[PDB]
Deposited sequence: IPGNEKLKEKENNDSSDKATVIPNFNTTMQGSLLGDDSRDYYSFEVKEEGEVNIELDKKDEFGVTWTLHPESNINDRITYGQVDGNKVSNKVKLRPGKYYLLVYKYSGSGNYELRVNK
């Protein structure tokens, strides 16, 4: 995708206060949940109301999903190596928690309009 930037997560990001910012809607966040690292929190700012697509792509076979809520609840839908949803979001800050329920592995996270 033209201009898509790959950006690494920034640990410690295990709570909402410590969330890694997704600075725009054309970034691919790269993260890992190995061993005792079982939660990676992200945030993003919606500036224009509209449908946002959230897609987590597993790079390894493990049990991982996500939960979104506004600062002011949407769950990832697990389908094999993709965990996705589409949701109409109003302007404001959102908190996107990627967390595992089994195993260990790496993932990429794409939040798009």
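> Do you know which deposited regions have no coordinates at all?
Just one stretch lacks coordinates - namely 73-77.
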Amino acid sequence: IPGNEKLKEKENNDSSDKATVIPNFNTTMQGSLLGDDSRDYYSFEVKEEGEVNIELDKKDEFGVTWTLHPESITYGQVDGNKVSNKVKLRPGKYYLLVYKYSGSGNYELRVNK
From here on, numbers count along this sequence of modelled residues.
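> Would 63-71 or 50-58 have the larger average of its C-alpha temperature factors, as given in the entry?
According to the PDB entry, the answer is 50-58.
> Per the entry, where is the mean C-alpha temperature factor higher: 1-9 or 104-112?
Higher mean C-alpha B-factor: 1-9.
> Just to confirm, going by the entry's C-alpha B-factors, which of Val87, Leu34, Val83, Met29 comes out highest?
Answer, based on the entry's C-alpha B-factors: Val87.
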